[PDB]
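Novice: Got a sequence here, can you model it:
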Amino acid sequence: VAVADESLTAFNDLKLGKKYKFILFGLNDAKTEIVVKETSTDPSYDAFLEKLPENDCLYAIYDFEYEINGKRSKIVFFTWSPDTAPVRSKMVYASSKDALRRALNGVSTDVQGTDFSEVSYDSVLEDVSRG
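Specialist: Numbers count the residues shown, from 1 in each chain. Please find the structure below.
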């Protein structure tokens, strides 16, 4: 599958303009391209977590800001593939991931999310700041 132009534009606007705090991406209906499913300017990490589907897959880019010894920001890429998502969805999202991820320059951190503990604020804060 391919990456929709709109997906790269969204990413550039987040990267260069801080236009969004996060972007959710997903396959279009035809399974032919990765499109933008949702964007948000909400600074609360919970507003991102509450958008993660129980039984479906997605990709996300999150502009994660944190304290250093001022502040720093790192762009985090997520795959979200919960155990209860259909196995065919998990597989098509997995085979299609590189199409999106390879097209994105300036990602600092990659998260492979399969459950809440792997995408929690504390785990991700640990990933961006300490690893």
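Novice: Residue 71 is in contact with residue 64, isn't it?
Specialist: No - under the criterion of C-beta atoms under 8 Å, residue 71 lies out of contact with residue 64, with a separation of 10.6 Å. (C-beta placed from N, C-alpha, C; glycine too.)
Novice: Neighbour count for those two, which is higher?
Specialist: More neighbours surround residue 64 than the other of residue 71 and residue 64, with 23 against 7 (other C-beta atoms under 10 Å).
Novice: Identify the bridge partners of the more buried one.
Specialist: The bridge-partner assignment for residue 64, based on DSSP bridges, gives residue 74.
Novice: does it really touch residue 72, like I thought?
Specialist: No - with contact taken as C-beta under 8 Å, residue 64 and residue 72 are classed as non-touching, separated by 9.2 Å.
Novice: where does residue 6 land in three-state SS?
Specialist: Judged by DSSP: H, G, I helix; E, B strand; the rest coil, the three-state class of residue 6 is helix.
Novice: Next, the contact list for the residue most central in space within the chain, please.
Specialist: For the chain, the residue sitting closest to the mean C-alpha position, by C-alpha atoms, centre = their mean, is residue 60 at 1.4 Å. With C-beta atoms under 8 Å, 6 or more residues apart in numbering as the criterion, the residues that contact residue 60 are 22, 23, 24, 25, 48, 77, 78, 80.
Novice: Narrow the residues you listed to those in helices?
Specialist: residue 48 (DSSP state H).
Novice: Output the contacts of residue 60 in JSON lines; the columns should cover neighbour count.
Specialist: Output for these, formatted as JSON lines (neighbours: other C-beta atoms under 10 Å):
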{"residue": "22", "neighbour count": "23"}
{"residue": "23", "neighbour count": "21"}
{"residue": "24", "neighbour count": "22"}
{"residue": "25", "neighbour count": "23"}
{"residue": "48", "neighbour count": "22"}
{"residue": "77", "neighbour count": "20"}
{"residue": "78", "neighbour count": "23"}
{"residue": "80", "neighbour count": "23"}
